[PDB]
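The block underneath contains the structure these notes are about, expressed in structure tokens.
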Amino acid sequence: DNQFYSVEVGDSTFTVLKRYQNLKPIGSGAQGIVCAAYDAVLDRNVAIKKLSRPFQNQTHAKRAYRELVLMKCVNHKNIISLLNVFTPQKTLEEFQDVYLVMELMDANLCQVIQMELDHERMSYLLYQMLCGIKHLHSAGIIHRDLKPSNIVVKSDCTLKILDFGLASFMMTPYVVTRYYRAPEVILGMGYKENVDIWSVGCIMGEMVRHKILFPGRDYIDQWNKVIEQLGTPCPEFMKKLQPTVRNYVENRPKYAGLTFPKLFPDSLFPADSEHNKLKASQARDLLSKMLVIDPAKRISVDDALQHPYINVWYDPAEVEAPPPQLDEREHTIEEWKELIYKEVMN
Ligand SMILES: CNC(=O)c1cc(-n2ncc3cc(Nc4c(F)cccc4Cl)c(CN4CCC4)cc32)cs1
């Protein structure tokens, strides 16, 4: 009779449509754990995420709404697309939880980062991250918080970005990973498209180094790590800083910054064949153009896609997809509950 059934998964209750069978945990993270399942209607493995009362506060509310709305503005194989959205609640009044369903993938990008990867796979993951980003930007979406824990891959080396970035405070123990954020974001500057190239550079760099490039308890520690390694930015970069942030960054110790062979020595790269020796120097060259503090000197998404490290994968039908609601206003719980509910059933 009921379309739904409930099963305890790790600790959470999943109330899902009966088409989804054999639920099992695959990890948690931020708002809501996720489960793998077999979808008996489509005869394929899916991943199901529970948003628990996403209207309970503005942080959870804004991004649940945002991501439901933005889902319909993108259509690209390196960007999440949902297979199903449902609530087991029957009315706005009883409405509580949202479930999102997508293709089951094989691994998060964090796991892939810990592997020794050839150049063909590294360059292909990067190519795909750049294609996704480009799709987002062409749709008017600038991410600003790309990070590996929100990127997933299949065994065939294919890759999907799962979130849409920045639009705060939550009483939960959940903690925000900030290490992949551009200087523009760390320092509250204007930004444009290539804010996201920085994050691609932090990921690429960590794939080679197998350590977070710019760790830290908060932006104070993080900024220090940026300047220690890349050096103090030029005066031209300083003039773009708001007067108070500007005074702070100019009074930090001036650092020369290490060269990019020093920051990513040859020992980190496969370099046994001539082919691999060349790919190493191409990898480092691209890194040196992405990990650039000043966005006015940082390479763009389009030029990074033409870099020799990356463009061996270039296909016109992959980079230029056809492009295609705005509410970040402060709402109460009630407004947000109805806004999300409506999107859930359109
Ligand atoms: C044997 N396979 C495995 O072990 C693995 C497979 C996965 N995988 N595949 C798809 C997927 C999706 C998300 N979330 C999600 C969802 F589930 C449904 C709709 C929208 C979204 Cl955003 C998560 C959770 N991650 C992302 C940060 C925590 C992991 C995911 C990774 S490991």
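So the sequence shown is residues 45 to 211, 217 to 373, 379 to 400, counted in UniProt numbering.
Ideal placement from N, C-alpha and C gives every residue a C-beta, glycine not left out.
Spatial neighbours of residue i in its chain, beta-carbon cut-off 7 Å, leaving aside the 5 residues before and after
| i | result |
| --- | --- |
| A151 | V196 and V197 |
| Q140 | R97 and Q133 |
| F286 | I342 and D343 |
| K116 | none |
| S217 | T103 |
| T57 | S50 |
| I261 | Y228 and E255 |
| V361 | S167 |
| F99 | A105, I387, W390, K391 and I394 |
Anticipated Cβ contact below 8 Å, residue i with residue j, distance rounded
| i | j | result |
| --- | --- | --- |
| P232 | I342 | 5 Å |
| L210 | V350 | Incorrect: roughly 18 Å between the Cβ atoms, too far for contact. |
| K93 | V78 | 5 Å |
| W390 | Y109 | 7 Å |
| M256 | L161 | 7 Å |
| residue 13 | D245 | Because the chain spans 45 through 400 in this model, residue 13 falls outside it and cannot be assessed. |
| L336 | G250 | 6 Å |
| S182 | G73 | Actually they do not touch by this definition, with Cβ atoms about 28 Å apart. |
| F208 | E111 | 6 Å |
Cut-off 8 Å between Cβ atoms - residues of its own chain near residue i, not counting five sequence neighbours on either side
| i | result |
| --- | --- |
| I123 | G176, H179, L180, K204 and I205 |
| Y82 | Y64, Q65, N66, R88, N89 and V90 |
| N273 | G265 and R301 |
| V53 | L67, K68, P69, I77 and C79 |
| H120 | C175, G176, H179 and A370 |
| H356 | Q331, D334, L335, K338 and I348 |
| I185 | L114, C117, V118, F208 and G209 |
| residue 375 | Between 373 and 379, the chain has no modelled residues, and residue 375 is one of the positions in that gap. |
Residue from the options with nearest C-alpha to residue i
| i | options | result |
| --- | --- | --- |
| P292 | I269, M238 and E255 | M238 |
| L61 | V129, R88, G73 and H104 | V129 |
| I359 | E138, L67, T103 and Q172 | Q172 |
| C283 | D267, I269 and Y304 | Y304 |
| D270 | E392, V298 and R107 | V298 |
| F313 | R301, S322, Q331 and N300 | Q331 |
| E397 | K106, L354, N101 and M166 | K106 |
| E242 | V224, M399, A345 and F99 | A345 |
| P222 | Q75, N400, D45 and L393 | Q75 |
| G306 | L153, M166 and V275 | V275 |
| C201 | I186, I185 and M159 | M159 |
| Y363 | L170, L262, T308 and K326 | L170 |
Residues near residue i in its chain [Cβ-Cβ closer than 6 Å; skip 5 each side]
| i | result |
| --- | --- |
| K191 | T226 and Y229 |
| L236 | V294 |
| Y240 | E233 |
| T59 | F48, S50 and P132 |
| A84 | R63 and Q65 |
| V156 | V197 |
| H163 | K328 |
| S199 | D150 |
| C154 | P192 and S193 |
| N325 | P319 |
| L393 | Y109 |
| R165 | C201 |
Contact check, residue i vs residue j, beta carbons under 8 Å
| i | j | result |
| --- | --- | --- |
| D352 | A329 | no |
| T386 | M219 | no |
| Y395 | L126 | no |
| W247 | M149 | no |
| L95 | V142 | yes |
| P310 | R333 | yes |
| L317 | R383 | no |
| query | Do three or more CB pairs link the region 363-370 to the region 266-284 at distances below 8 Å? | reply | In this structure the region 363-370 does not lie against the region 266-284, because fewer than three pairs of beta carbons, one per stretch, are closer than 8 Å.
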